[PDB]
Every structure is written in C-alpha cells, then in structure tokens.
Amino acid sequence: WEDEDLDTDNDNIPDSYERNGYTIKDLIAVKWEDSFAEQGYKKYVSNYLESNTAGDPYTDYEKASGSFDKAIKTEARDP
Amino acid sequence: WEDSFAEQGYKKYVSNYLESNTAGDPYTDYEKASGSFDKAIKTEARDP
Amino acid sequence: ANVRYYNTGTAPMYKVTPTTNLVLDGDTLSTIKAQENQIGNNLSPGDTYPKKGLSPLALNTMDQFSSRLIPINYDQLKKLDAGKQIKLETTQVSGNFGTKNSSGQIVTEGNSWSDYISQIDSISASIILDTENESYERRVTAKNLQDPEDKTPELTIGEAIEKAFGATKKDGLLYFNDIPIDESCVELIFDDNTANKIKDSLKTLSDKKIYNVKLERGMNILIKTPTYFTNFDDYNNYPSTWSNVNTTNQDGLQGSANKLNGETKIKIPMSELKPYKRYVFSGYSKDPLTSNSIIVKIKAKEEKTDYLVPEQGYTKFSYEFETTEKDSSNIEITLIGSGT
Amino acid sequence: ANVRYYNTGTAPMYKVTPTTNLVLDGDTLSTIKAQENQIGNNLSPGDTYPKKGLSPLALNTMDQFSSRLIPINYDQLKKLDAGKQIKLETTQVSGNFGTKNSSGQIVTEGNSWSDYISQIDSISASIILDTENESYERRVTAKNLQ
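Line by line, the protein sequences are chains H, Y, D and V.
Here UniProt numbering is used: position 11 in the first sequence is 224, and no number is missing along the way.
Here UniProt numbering is used: position 21 in the second sequence is 265, and no number is missing along the way.
Here UniProt numbering is used: position 30 in the third sequence is 420, and no number is missing along the way.
Here UniProt numbering is used: position 3 in the fourth sequence is 393, and no number is missing along the way.
Quick look at the structure:
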C-alpha cells in the first residue's frame with residue numbers, strides 16, 4: 214500500500230528500513246520498538262536501493278533471518 | 245537535466261539511441277549510468 | 391614440505407585449493423597450485439586443516455596429475471646445505487560456498503568464491519584483532535560521500551567495532567567475552583594513510599576521542615590487547631602484588647584523587663612472560679611534581695625516562711625494552727617520584 | 391623466470407592469463423601460454439599480482455600440463471653465459487568480465503574478454519597520462535563524420 218513500495222526486490226519494507234530498524238519475527242520483517250533489547254533482539258538498518266548491500270551473494274531477507282546456513286558465525290547476521 | 249543538479253554533485257551525460265551499447269563494452273547504457281553492475285569498476289567510467 | 395592451513399573471519403569455504411610460493415633469497419623456486427592430493431573439503435571457522443590431533447599435511451609434487459617431483463639445481467643445494475632457510479607463502483585461495491534451493495538440498499557447484507573478492511574489498515575497510523589466543527580479521531562496509539546517490543547508513547568506529555564482534559555495552563565501556571576493549575585499555579596500531587586521515591579529522595570535533603570519529607572507505611586498522619593490565623578497580627591480572635597500593639577513588643578515570651610521593655615496585659619472573667621479544671609499555675598522565683620509571687633488566691637497555699607532564703590531561707605514553715632468555719633473574723620496574 | 395603483473399585501466403579481470411614470449415638476440419626461443427600454476431584469480435585495476443609486499447611469481451615450464459622444462463642448446467648457453475640478457479614480451483592476454491543474474495549470483499563463466507577487443511580498438515581513440523608513481527591508459531569514443 215502506501216508505506217509498502219520497495220524498490221529492490223529484497224523482500225523488505227522501505228518503511229521498516231530507513232527508520233530506526235527492523236526485526237525478524239515469524240520469518241517476516243516487522244517494525245522496531247525499544248522494549249526488545251530485553252529479549253535478545255537486535256536492531257539494524259541498511260540501504261534499500263540495493264539487493265545485496267554488503268557484497269556477499271546472500272540477500273537482505275536471507276541474512277536477517279537464519280535461512281541460509283548454520284555454520285556461519287552469529288556475528289554476521291546484520292546486513 | 246537541469247542546472248540545479250550540478251549543485252548537489254550530479255553528473256550529466258548523453259549517448260547514442262541507435263545502439264544499446266554506445267561504448268562497445270558489453271554493458272548497456274542504463275547499466276552504466278545507474279551503477280548497479282559491479283562496484284570495483286571505477287566511478288569515472290560510469291558515463292557511457 | 392609439511393604445512394597445515396587455518397581459518398579466521400566469519401565464513402566457511404568448501405573445496406579449498408591454495409596456491410603456494412617458495413622463496414630462498416630473492417629468487418623464486420616454484421609456485422604450486424594444489425592438486426587433488428592436498429585439497430581440503432571443509433574449513434569450519436576458527437579451526438585448521440587437518441584437525442588438532444593429527445599430523446600436518448605434506449606436498450611434494452607440481453604437475454597437473456601428480457608425478458614429477460620438484461627439482462633443485464646444484465648451486466641452490468649448496469646454499470641449502472649451508473643451513474639457510476626457505477620461506478613459504480600464499481598468493482590466493484579459491485573455493486566454493488553453500489547455497490540451497492527453496493527448502494531443497496544444498497548445491498555447491500560452480501558457486502565460486504573467486505569472483506566475489508574484488509567486489510567486496512573496494513567497498514569495505516579492514517579490522518584485525520590480535521588476542522594472545524587466536525586472531526580475528528573482519529571486513530566492514532563503508533559509506534562514500536562524494537556520490538550523493540550511494541545511500542547507506544554511516545556509522546562511527548566505536549559502533550563499527552560494536553557490530554564487528556558481538557560486544558556488550560557495560561557502563562559506557564564495552565567488552566568482548568569479558569575482556570575490556572576500551573579506547574583507554576587497548577593498543578591501536580594504524581598505518582600512515584589511516585593515521586594521516588584520522589588525526590587530521592580529530593581537530594574538527596569537540597570530543598577528542600577516536601572511537602567516535604566517522605568511518606571512511608579504505609582503512610586498515612589493527613587492535614591488540616596487552617598481556618598485563620593494571621585497572622585499579624578490579625582485574626589487575628598480576629603475579630606481582632603491587633607495592634604501596636593507593637586506595638582512594640580508583641574506579642576509572644574521573645578518579646584522580648591519589649597524590650602520593652615515593653616509589654612503587656614490580657618484579658616479574660620469566661616463567662609467565664615469553665622471552666626473546668621487544669615489549670611495549672603504555673600509560674596515561676596526571677599533573678604531579680616530578681617522577682621517573684626505572685627499568686633494570688639486563689641484555690637490553692637498562693636506563694630510565696623523564697616523565698615531563700605538559701598538563702594534567704590524560705596523555706598516553708609508550709616505551710620499549712628487550713627480554714632475557716629464561717634465566718633466574720626477574721625484570722624489575724620501579725616508579726620513583728614526588729606528586730602522584 | 392620471476393615475474394609479477396600490472397593492470398592500468400578501468401576494469402578488473404577474472405581468471406587472468408597472459409601468454410608471453412622470450413627473446414635472446416634477434417630470435418625467439420619459446421612462447422609460453424600460461425599453465426594453471428601461474429594463473430591469477432582476482433586482479434583489480436591499479437594493482438598487481440601478487441601485492442606490493444611479496445616476492446614475484448615463478449614460471450619454468452612450456453607444456454600444457456606442467457612438465458617438460460624449457461630447453462636451450464649448447465651455443466645459446468655459451469652465448470648467454472657471456473653476460474647477455476633475455477627480454478620478456480607480452481603478445482596477448484585473455485580473461486573474463488562480470489555479469490549478474492536475477493538479483494543473485496554474479497556469474498563469470500566463459501564470458502571471455504577476447505571477443506570484445508577488435509570492436510573497441512577500431513571505435514575509440516587512446517589517451518595515456520603518465521606521472522611519477524603510476525600511469526593510466528583510457529579509450530574514449532569519437533565520431534565518424536562521414
């Protein structure tokens with residue numbers, strides 16, 4: 214709709230993106246609130262004008278959730 | 245193109261509309277202006 | 391040659407093939423691409439091929455299919471029989487990675503790592519941590535400002551380290567698996583490009599800290615934690631119990647509330663530090679009357695230094711010395727002086 | 391021979407392979423096409439193989455599969471032992487470029503840099519700027535007025 218016009222098909226909402234952050238829940242990116250660092254949830258942003266914002270061939274929605282590999286170090290989940 | 249775009253640091257360039265690859269390199273003109281192909285190409289070669 | 395690999399960073403790599411290079415004295419004997427013998431199937435990050443409990447790996451041939459053992463002429467045989475040493479290096483490493491289908495099976499075929507190298511390097515900057523148990527090299531994405539179209543969030547150094555390794559922001563500082571990584575308590579080595587940029591960016595800011603200065607595109611930064619640390623609240627990991635300990639306002643900084651005259655003493659034996667090296671010794675400042683710190687360790691230079699504080703402002707300093715070779719003697723450092 | 395590379399231009403090359411030539415004195419001993427020993431994977435523009443802090447790369451063979459070390463007769467050996475030098479020449483080079491698939495795998499598979507050269511060199515003109523630390527050579531298009 215109005216706040217759901219993603220340019221790259223990174224499967225992520227640009228409203229969720231330029232703002233404070235986005236968080237993965239139930240394999241869906243959701244908005245960010247400040248009562249979530251008690252749970253263990255992170256906070257991260259990126260650039261929505263690119264499908265691969267870091268260079269390694271894993272996409273943004275791939276790398277935000279744990280949907281690519283398990284032996285990858287957990288220090289490399291934000292994009 | 246407008247004159248105000250040079251204030252924000254934008255470039256300005258043209259091409260040939262009787263081929264899609266006006267500089268002969270196998271990338272298209274829209275691939276080369278909109279720099280969505282590869283980053284290790286130097287930025288001064290984006291103009292076609 | 392006998393050799394084992396290692397791995398560091400974030401990611402694994404399947405079907406590795408290193409290409410190695412030999413050098414004796416300026417010349418080049420051979421550069422070998424690995425054949426099917428010494429190929430490595432897996433490398434989990436933070437490990438070595440082969441594993442911890444077995445023999446290392448040997449290479450002896452150079453052809454496409456393994457025959458025709460590696461040659462050396464007569465003169466280099468006379469050079470090598472004299473007792474000189476030959477040196478072994480890497481040039482490049484290729485392999486594959488792991489991609490899957492939509493909940494299908496993992497395919498690793500033509501998913502080459504070789505083409506994703508130069509795309510990543512000209513975007514990132516490099517940060518290498520050196521602890522005394524392992525190492526940690528990372529690449530972190532950057533922001534250009536000459537092009538306004540290149541959108542990305544820009545962040546500082548102190549947030550880049552915070553996202554590079556998973557750090558907990560305790561009491562304004564930050565830790566990494568309960569080691570203090572502060573601006574104050576670590577050793578930061580840069581090179582001339584990096585230092586030339588960051589010290590010429592510091593005068594533009596109000597706060598004269600270096601963690602909160604802005605990231606840039608091309609940088610190579612090395613950090614290294616010390617061995618012996620003298621935090622006065624807790625964690626003075628030391629066999630030498632300090633002499634004339636001052637106990638007044640010893641939290642961190644802001645606690646410059648002990649002004650004493652006299653000397654303090656430390657004596658450290660060779661059983662807990664490793665010999666044959668050139669250690670570095672660093673610290674911060676105060677506004678006392680006068681002081682000196684004396685080194686009396688032999689097989690090195692055993693002179694002392696002038697303190698010469700320009701202000702009270704907490705100014706770092708660094709000196710060097712050499713070690714003995716596993717003797718009974720201990721390195722003794724004294725701190726003499728009046729004022730603090 | 392010990393040898394490193396250079397690359398002054400605007401594009402990187404994946405799977406770089408130069409085929410070189412040896413000359414002693416007016417004549418040509420052999421022309422090598424490089425094997426899989428001295429192949430290079432990545433080479434960014436304005437750089438070299440290997441980097442600026444290491445010893446150069448070796449080459450000693452002429453067969454396709456790396457065997458059969460390079461021969462020289464008696465008289466060329468005795469002439470070479472009188473202090474003369476051989477010269478190394480570049481005949482031609484080959485490599486690959488980078489195309490990208492459906493928002494995914496940047497695929498560089500046989501997309502050869504060979505079959506785009508005769509087009510560009512008969513279309514552009516050549517500019518070389520030189521300074522004290524490196525040079526640059528670019529090709530830029532111009533108009534047939536006919």
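Even for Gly, the Cβ is constructed at its ideal location relative to N, Cα and C.
Comparing the C-beta of residue 402(V) with each C-beta of chain D, is any distance below 9 angstroms?
-> A Cβ of chain D is located within less than 9 angstroms of the beta carbon of residue 402(V).
Alpha carbon to alpha carbon, how far is residue 580(D) from residue 516(D)? Give it in angstroms, no decimals.
-> About 11 angstroms.
So is residue 452(D) in contact with chain V if we call contact Cβ pairs under 9 angstroms?
-> Taking Cβ atoms only, chain V reaches closer than 9 angstroms to residue 452(D), which makes this a yes.
Taking 9 angstroms as the CB-CB cut-off, is residue 518(V) touching chain H?
-> Chain H, which has no Cβ nearer than 9 angstroms to the Cβ of residue 518(V), makes this no.
Give the interface partners of residue 488(V) over in chain Y, defined as CB-CB distance under 7 angstroms, in chain order.
-> Residues of chain Y whose Cβ lies closer than 7 angstroms to the Cβ of residue 488(V) are, in chain order, 282.
Looking at the C-beta of residue 439(V), does it have a partner C-beta in chain Y at a distance below 9 angstroms?
-> False, the Cβ-Cβ gap to chain Y never drops below 9 angstroms.
Which residues, taken in chain order from the segment 535-566 of chain D, show a beta carbon closer than 7 angstroms to some beta carbon of chain H?
-> Cβ contacts with chain H: 541, 542, 543, 553, 555 and 556.
Measure the C-alpha to C-alpha separation of residue 477(V) and residue 436(D) and round it to an integer number of angstroms.
-> As the crow flies, the alpha-carbon of residue 477(V) is around 46 angstroms from that of residue 436(D).
Could you please give the first and the last residue of the uninterrupted alpha helix (DSSP H) stretch that includes residue 453(D)?
-> Boundaries for residue 453(D): no alpha helix (DSSP H) harbours it, and the DSSP string shows neither H nor E there.
Alpha helix (DSSP H) runs wholly inside the segment 439-521 of chain V, at least 4 long, in chain order = Taken in chain order, the complete alpha helix (DSSP H) segments of 4 or more residues contained in the segment 439-521 of chain V are 464-470 and 507-511.
Would a check of beta-carbon distances place residue 261(H) closer than 9 angstroms to chain D?
-> Taking Cβ atoms only, chain D reaches closer than 9 angstroms to residue 261(H), which makes this a yes.
Using a C-beta cutoff of 9 angstroms, does residue 511(D) count as contacting chain Y?
-> For residue 511(D), the nearest CB of chain Y lies under 9 angstroms from its own CB, placing it at the interface with that chain.
Simplified DSSP state of residue 261(Y), which is helix, strand or coil = Looking at residue 261(Y) - three-state DSSP - the assignment turns out to be coil, as it is neither helix nor strand.
Could you work out which residues of chain V lie near residue 270(H), taking near to mean beta carbons separated by less than 8 angstroms?
-> Here the neighbours are 494, 495 and 496.
Contacts that residue 242(H) makes with chain D (C-beta to C-beta distance below 7 angstroms) | By Cβ distance, chain D contributes nothing, its closest Cβ being about 16 angstroms from residue 242(H), past 7 angstroms.
What does a CB cutoff of less than 7 angstroms around residue 676(D) pick up in its chain, not counting 5 residues either side in sequence?
-> Residues of the same chain with a CB within less than 7 angstroms of the CB of residue 676(D), apart from the 5 flanking positions on each side, are 646, 699, 702 and 730 in chain order.
Kindly say whether residue 257(Y), judged by its beta-carbon, lies nearer than 9 angstroms to any beta-carbon of chain D.
-> The beta carbon of residue 257(Y) sits no closer than 9 angstroms to any beta carbon of chain D.
Once you ignore the five residues that flank residue 706(D) on each side, which residues in its own chain have a CB closer than 8 angstroms to its CB?
-> Correct list, in chain order: 672, 673, 674 and 675.
Hey, out of 391(D), 643(D) and 399(D), whose CA is closest to residue 519(D)'s CA?
-> Across the set 391(D), 643(D) and 399(D), the C-alpha of 399(D) shows the shortest separation from the C-alpha of residue 519(D).
Just tell me which of 666(D), 564(D) and 433(D) has its CA closest to the CA of residue 548(D).
-> The candidate whose alpha carbon is nearest that of residue 548(D) is 564(D).
Which residues in the same chain as residue 339(D) place their Cβ atom closer than 7 angstroms to its Cβ, once the five residues preceding and following it in sequence are excluded?
-> Nothing about residue 339(D) can be reported from this structure: the residues present for chain D run from 391 to 730 only.
Name the chain D residues whose beta carbon is nearer than 7 angstroms to that of residue 291(H)?
-> Under the 7 angstroms cutoff, chain D gives 553.
Whole-angstrom distance between residue 431(V) and residue 291(H), CA atom to CA atom | So the alpha carbons of these two residues sit roughly 29 angstroms apart.
Quick one: grab the DSSP three-state call for residue 424(V).
-> Looking at residue 424(V) - three-state DSSP - the assignment turns out to be coil, as it is neither helix nor strand.
Given that a residue counts as buried once 16 or more other Cβ atoms are within 10 Å of its Cβ, and exposed if not, what is residue 250(H)?
-> Residue 250(H) should be labelled exposed.
Starting from the beta carbon of residue 408(V), find every residue of chain Y whose beta carbon is closer than 9 angstroms, and list them in chain order.
-> For residue 408(V), there are no C-beta contacts with chain Y under 9 angstroms, since the nearest C-beta of that chain is about 20 angstroms from it.
Same chain only: Cβ atoms within 6 angstroms of residue 486(D), ignoring 5 sequence neighbours per side = Around residue 486(D): 404, 405, 498 and 501.
Own chain residues within Cβ distance below 8 angstroms of residue 235(H), not counting five before or after | Excluding the 5 residues flanking it on each side, residue 235(H) has same chain C-beta neighbours closer than 8 angstroms at 225, 226, 229, 242, 243, 244, 245, 257, 258 and 277, in chain order.
Which word fits residue 268(H), buried or exposed, when buried means at least 16 other C-beta atoms lie within 10 angstroms of its C-beta?
-> Taking all protein chains shown into account, residue 268(H) has 16 or more neighbouring C-beta atoms within 10 Å of its C-beta and is therefore buried.
Contact set between residue 222(H) and chain A, taken where Cβ atoms lie within less than 8 angstroms = The structure shown has no chain A; the protein chains it does contain are H, Y, D and V.
Under 9 angstroms, do residue 656(D) and residue 630(D) count as touching if we go by C-beta distance?
-> The Cβ atoms of residue 656(D) and residue 630(D) sit closer than 9 angstroms to each other.
When you compare only the Cα positions, how much space is there between residue 532(V) and residue 523(V)?
-> Spanning the alpha carbons of residue 532(V) and residue 523(V) requires a straight line of approximately 29 angstroms.
Does any C-beta atom of chain V lie closer than 9 angstroms to the C-beta of residue 644(D)?
-> No, no contact with chain V.
What are the boundary residues of the alpha helix (DSSP H) that includes residue 548(D)?
-> Unbroken alpha helix (DSSP H) run through residue 548(D): 547-554.
Under the rule that 16 or more other beta-carbon atoms within 10 Å means buried, what is residue 275(Y), buried or exposed?
-> Residue 275(Y) comes out buried.
Can you tell which of 535(D), 666(D) and 640(D) has its C-alpha closest to the C-alpha of residue 331(D)?
-> Residue 331(D) is absent from the structure shown; chain D starts at 391 and stops at 730.
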